[PDB]
Amino acid sequence: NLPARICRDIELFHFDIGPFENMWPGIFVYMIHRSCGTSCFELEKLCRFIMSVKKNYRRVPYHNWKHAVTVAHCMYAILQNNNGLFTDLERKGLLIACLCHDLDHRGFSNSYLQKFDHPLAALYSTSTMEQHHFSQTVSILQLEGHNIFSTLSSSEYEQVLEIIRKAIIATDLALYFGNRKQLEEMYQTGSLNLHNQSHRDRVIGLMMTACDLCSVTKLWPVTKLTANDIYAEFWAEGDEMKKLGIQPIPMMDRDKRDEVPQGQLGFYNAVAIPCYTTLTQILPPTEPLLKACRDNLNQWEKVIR
Ligand SMILES: Cn1cc(-c2ccncc2)c(-c2ccc(OCc3ccc4ccccc4n3)cc2)n1
Ligand SMILES: [Mg+2]
Ligand SMILES: [Zn+2]
């Protein structure tokens, strides 16, 4: 059963899930139980599912099991602070989606798989890894005793899988820019309609980006350390680009590592700050994410000075 410190601090947007891997499954179950009720899933089926998901994450520096649970936690914090906005089915689906959203990640970008001519890039031409992550989710669900959605009607099953598919695909950052642009226009013109399924899908998309990027919304020591893990992957990809005979972009080129603070400044300006700004506009209770993001921006600026 969850430690008292975790019971309290799990409610903070900037909660960090700690270094004890065996505690993460219980942390996830607790979040499921709190958002979705204890009768939502059969406990034994749920536990079996969680452990098979864990098993199909790889031991890569960043896109790993810890990332999955962290992203799920941010979604939990959003849902908890926006009571009554999201349906029972959306809440179950999104938390499951977050847990599954990087399944079987290799630590390489879609761009790298394309340049490598990987079989997955022939199968899934766009949002390559994200299509795979969804494929893996379904495969796990179809294992004997793993169908946590077995108590839903066929219709609700199809519905929640579609919620999950859309949510997982939305974590393709390439899609974020267009999505956020549309949402910002809808907000400014007062045309955003949460009762409109297409608009709803966009908001959920933005939520997924916000959760996926949430390492930039932690307190500075956490954010600073996490940056090590993301660059470990990017620089390895850069190495691999060089081995293909292709000059990587500076972000992936370990030779350009001294420019990390400037690169971070660019990312916060172009992606992170706009993302959380738009999210807070639509869901005011998410403001702590934006505050924490601005704080980290300031820290990077301080590094530069
Ligand atoms: C999907 N996603 C999550 C993250 C993230 C970010 C921070 N903490 C955890 C996760 C990122 C991400 C985006 C940009 C980035 O660097 C931008 C950049 C650009 C030019 C550069 C030139 C030289 C050196 C470095 C340079 N970095 C690093 C990570 N993408
Ligand atoms: Mg991903
Ligand atoms: Zn992710």
Side-chain angles (χ1 to χ4, degrees), residues 14 16 53 57-58 60-75 94 97-113 120 124 126-137 164 167-177 180 205 207-238 241 247-276 289 292-293 295-297 299-300 303-304:
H14 61 273
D16 171 275
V53 169
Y57 277 89
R58 297 181 177 227
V60 299
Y62 180 83
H63 292 98
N64 56 38
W65 180 233
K66 191 174 191 179
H67 173 63
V69 185
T70 294
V71 174
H73 167 269
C74 188
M75 177 66 68
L94 295 178
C98 286
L99 194 76
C100 297
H101 83 281
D102 272 326
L103 268 161
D104 195 38
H105 205 289
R106 322 179 172 277
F108 300 107
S109 74
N110 289 336
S111 176
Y112 181 69
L113 270 64
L120 288 168
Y124 313 119
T126 65
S127 309
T128 301
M129 284 311 306
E130 293 80 19
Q131 298 205 58
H132 182 58
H133 303 319
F134 183 63
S135 189
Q136 294 283 109
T137 301
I164 293 168
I168 293 184
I169 297 303
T171 64
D172 181 4
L173 197 60
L175 299 173
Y176 154 77
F177 301 92
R180 198 232 39 140
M207 288 163 61
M208 290 301 295
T209 308
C211 293
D212 201 13
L213 300 183
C214 76
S215 297
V216 307
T217 64
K218 308 300 179 185
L219 304 189
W220 175 239
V222 177
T223 300
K224 183 183 172 173
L225 286 163
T226 301
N228 298 334
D229 301 330
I230 194 53
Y231 285 110
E233 292 197 7
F234 289 170
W235 296 332
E237 176 168 335
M241 288 287 285
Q247 176 56 53
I249 65 172
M251 178 184 81
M252 297 191 184
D253 188 347
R254 62 182 68 258
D255 294 345
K256 299 299 185 72
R257 69 175 87 70
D258 292 350
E259 294 171 47
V260 165
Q262 283 80 15
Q264 287 298 300
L265 218 58
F267 179 68
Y268 280 71
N269 291 337
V271 181
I273 292 290
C275 174
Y276 297 109
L289 292 169
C293 185
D295 287 346
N296 286 136
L297 176 52
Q299 291 291 321
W300 284 113
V303 170
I304 295 168

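Numbers for residues simply follow the sequence, beginning at 1. Ligands are counted one by one from 1 in listed order, and the atoms in each one are counted from 1 as well. Any value given below was found using the heavy atoms of this structure, including those in side chains, with hydrogens, waters and symmetry copies removed.
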Tell me, do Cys211 and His101 make a side-chain contact under 4.5 Å, heavy atoms counted?
no
Is the closest side-chain donor-acceptor distance between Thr171 and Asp212 under 3.5 Å?
no
Please confirm whether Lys256 approaches ligand 1 to less than 4.0 Å, judged on its heavy atoms.
yes
Give me the nearest non-hydrogen protein atom to atom 10 (C) of ligand 1 as residue plus atom name, then the distance to 0.1 Å.
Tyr62 OH, 3.5 Å
When you measure from atom 29 (C) of ligand 1 to every protein heavy atom, which one gives the shortest distance, and what is it?
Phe234 CE1, 3.4 Å
May I ask you to decide if the ring planes of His105 and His63 are parallel, tilted or perpendicular, using 30° and 60° as cut-offs?
parallel
To which protein heavy atom is atom 8 (N) of ligand 1 closest, and what is the distance rounded to 0.1 Å?
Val216 CG1, 3.9 Å
Give me the residue, atom name and distance of the protein heavy atom closest to atom 5 (C) of ligand 1.
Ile230 CG1, 4.2 Å
At the Zn ion (ligand 3), what's the angle from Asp212 OD1 to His67 NE2, rounded to 10 degrees?
90°
Using a cut-off of strictly less than 2.8 Å, determine whether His105 has an N/O/S atom near the Zn ion (ligand 3).
no
Determine which of the N, O or S atoms in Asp102 is closest to the Zn ion (ligand 3) and give its atom name.
OD2
With backbone taken as N, CA, C and O and side chain as the heavy atoms from C-beta onward, which portion of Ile249 lies under 4.0 Å from ligand 1: side chain, backbone, both, or neither?
neither
Passing candidate, side-chain contact (heavy atoms from CB on, under 4.5 Å) with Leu103, options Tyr57, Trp65, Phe134
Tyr57
Using heavy atoms and a 4.0 Å limit, tell me yes or no: is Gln264 in contact with ligand 1?
yes
Could you pull out the closest heavy-atom pair between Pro61 and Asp229, with the gap in Å?
O-CB, 3.4 Å
Step by step, would you call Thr217 with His14 a side-chain contact (heavy atoms from CB on, under 4.5 Å)?
CA-CA 6 Å; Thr217 64; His14 61 273; over 6 Å; no
side-chain hydrogen bond (donor to acceptor under 3.5 Å, both in side chains) between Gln299 and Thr223, intermediate numbers included:
CA-CA 10 Å; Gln299 291 291 321; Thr223 300; over 6 Å; no
Hey, looking at atom 22 (C) of ligand 1, which of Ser215, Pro250, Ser109 has the closest heavy atom?
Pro250
The Mg ion (ligand 2) has as its nearest N, O or S atom from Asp102 the atom OD1
Are any non-hydrogen side-chain atoms of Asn269 and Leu297 less than 4.5 angstrom apart?
yes
In the protein, which heavy atom is nearest to atom 11 (C) of ligand 1, and how far is it?
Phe267 CZ, 3.9 Å
Close side-chain approach of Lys218 to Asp16, heavy-atom, < 4.5 Å
no
Of all protein heavy atoms, the one nearest atom 16 (O) of ligand 1 is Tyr231 OH, 2.9 Å
Mind checking whether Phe234 and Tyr231 have parallel, tilted or perpendicular rings, split at 30° and 60°?
perpendicular
Applying a 4.0 Å heavy-atom criterion (strictly less than), which segment of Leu213 is in contact with ligand 1: side chain, backbone, both, or neither?
side chain
Taking atom types as modelled, is there a side-chain donor on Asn296 or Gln264 under 3.5 Å from an acceptor on the other?
no
Minimum distance, heavy atoms only, to atom 18 (C) of ligand 1: which one of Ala270, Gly266, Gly263 is it?
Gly263
Would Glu259 count as a polar contact of ligand 1, with the cut-off being nitrogen or oxygen pairs under 3.5 Å?
no
